[PDB]
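Last residue of the sequence shown: number 1264 in our numbering, and the count goes up by one each step with no gaps.
We put the CB at the ideal spot given by N, CA and C, even for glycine.
Presented below is the structure to which this report refers.
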Amino acid sequence: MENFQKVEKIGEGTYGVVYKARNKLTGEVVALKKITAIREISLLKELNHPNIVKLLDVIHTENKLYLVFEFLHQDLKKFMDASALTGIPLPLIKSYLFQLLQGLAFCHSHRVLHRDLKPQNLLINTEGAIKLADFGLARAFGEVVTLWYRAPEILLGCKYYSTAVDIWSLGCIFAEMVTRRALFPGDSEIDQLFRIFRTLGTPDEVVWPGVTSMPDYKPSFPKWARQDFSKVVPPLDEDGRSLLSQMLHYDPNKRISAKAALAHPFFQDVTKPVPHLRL
Ligand SMILES: O=C(Nc1cc(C2CC2)n[nH]1)c1ccccc1
């Protein structure tokens, strides 16, 4: 854009290139993303919450779309890589999960889904805050994209997925912060689906009614037994493992909502620590 002075290139997203920019008039530092869609994006400008990255403006010029966002100094992916030797302390993991669930509860109450939650679109500041970026952009529009945080209902071909997909994604991220390794690191749709099955057990009509009738379900899927959560996410306590299991329930209807997750005993001693950020 003409009104913005590009500082540097942040990275490459799912829709386009993300830039760090400065407004020539106001002097504000922003994040500029270069991409019926116009109306859906304009609805997200009103979706404001302290845990949702603020969409400042929507610029439509020369058949190209520019999305102006609030700037945050680091993403969760880079923060995880920078804390891989010592580990992100548990009180900070709990704070992050609590704040992200608050942001999810807000958007979900307004019927807005993320659909593509990953450590890369979770942004953090020096104040101990964590924010969700690119919310609702999947409904508006539609490099290898990661399947690691994708819910099984999406992998099994369900066209009409719910808010429960974001809970699954956040549960995979929760597990990753604790273990310092991706929960389900799939490199294909079937590898993703089979890694889920190997850990949580191949779903049947008992744990998930209607799973055998799903578009991409195949009766030939190998039958693996469920592994205990104590083996999946050590040294996470009983409260955390219980919340994780409810966030990772196969059936989208049994899967805990963001609002109910905020009331879970794991958040009894939740606080808001300040992270160690070297920018
Ligand atoms: O992504 C970063 N910043 C950012 C991105 C965003 C919006 C465009 C979604 N706001 N702030 C970032 C990551 C690492 C280092 C510096 C900046």
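Own chain, CB closer than 8 Å to residue i, minus 5 neighbours either side, in chain order
i       : result
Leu1017 : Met986, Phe989, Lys991, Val1003, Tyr1004, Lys1005, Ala1006, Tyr1051, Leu1052, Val1053 and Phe1054
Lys1049 : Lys1019 and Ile1020
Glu993  : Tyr1004 and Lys1005
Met1065 : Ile1073, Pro1104, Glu1161, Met1162 and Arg1165
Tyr1235 : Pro1137, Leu1185, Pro1188, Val1192, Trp1193 and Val1196
Proximity test, residue i beta-carbon vs ligand 1 heavy atom, cut-off 6 Å
i       : result
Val992  : no
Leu1057 : yes
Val1097 : no
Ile1109 : no
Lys1103 : no
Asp1042 : no
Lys1216 : no
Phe1054 : yes
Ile1073 : no
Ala1016 : yes
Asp1236 : no
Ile995  : yes
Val1130 : no
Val1003 : yes
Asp1060 : yes
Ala1114 : no
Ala1067 : no
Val1150 : no
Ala1125 : no
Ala1006 : no
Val1038 : yes
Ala1118 : yes
7 Å CB neighbourhood of residue i in its chain, flanking five on each side removed
i       : result
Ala1243 : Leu1086, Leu1089, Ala1090, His1093 and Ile1152
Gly996  : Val1003
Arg1211 : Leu1185 and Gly1186
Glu1174 : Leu1132 and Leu1140
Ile1023 : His1045
Other residues of its chain near residue i: CB distance less than 6 Å, five sequence neighbours each side excluded
i       : result
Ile1026 : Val1043 and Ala1125
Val1014 : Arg1007 and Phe1056
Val1259 : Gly1113
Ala1246 : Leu1086
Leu1264 : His1058
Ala1118 : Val1038, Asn1106 and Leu1108
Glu1138 : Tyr1146 and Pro1237
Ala1149 : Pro1237 and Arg1240
Short CB-CB distance (under 7 Å) between residue i and chain D
i       : result
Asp1119 : The structure shown contains no chain D, having only a single protein chain.
If you pair each beta-carbon of the region 1237-1256 with each one of the region 1073-1089, do three or more pairs fall below 8 Å? Yes, the region 1237-1256 is in contact with the region 1073-1089.
Go through the region 1168-1241 residue by residue and report every complete run of the beta strand (DSSP E) that reaches 3 residues or more, in order. Secondary structure in the region 1168-1241: no beta strand (DSSP E) run of 3 residues or longer lies completely within the stretch.
Unbroken beta strand (DSSP E) runs of length 3 or more, entirely within the region 1060-1116: which are they? Segments of the beta strand (DSSP E) lying fully in the region 1060-1116: 1107-1109.
Let me know the alpha helix (DSSP H) ranges lying completely inside the region 986-1049, each 4 residues or longer, listed in chain order. Counting only runs of 4 or more, we get 1022-1028.
Determine, using beta-carbon pairs with one atom in the region 1156-1173 and one in the region 1193-1200, whether at least three such pairs fall under 8 Å. At 8 Å Cβ cutoff, the stretches do not touch.
Touching by the beta-carbon criterion (3+ pairs, under 8 Å), the region 1214-1224 and the region 1134-1148: No, the region 1214-1224 does not touch the region 1134-1148.
Is the region 1107-1116 touching the region 1177-1190, taking contact as three or more C-beta pairs under 8 Å? Result no; under three Cβ-Cβ pairs closer than 8 Å.
Run through the region 1121-1157 for me and flag every whole alpha helix (DSSP H) of 4 or more residues, listed as ranges in chain order. List check, alpha helix (DSSP H) in window: 1122-1125 and 1137-1140.
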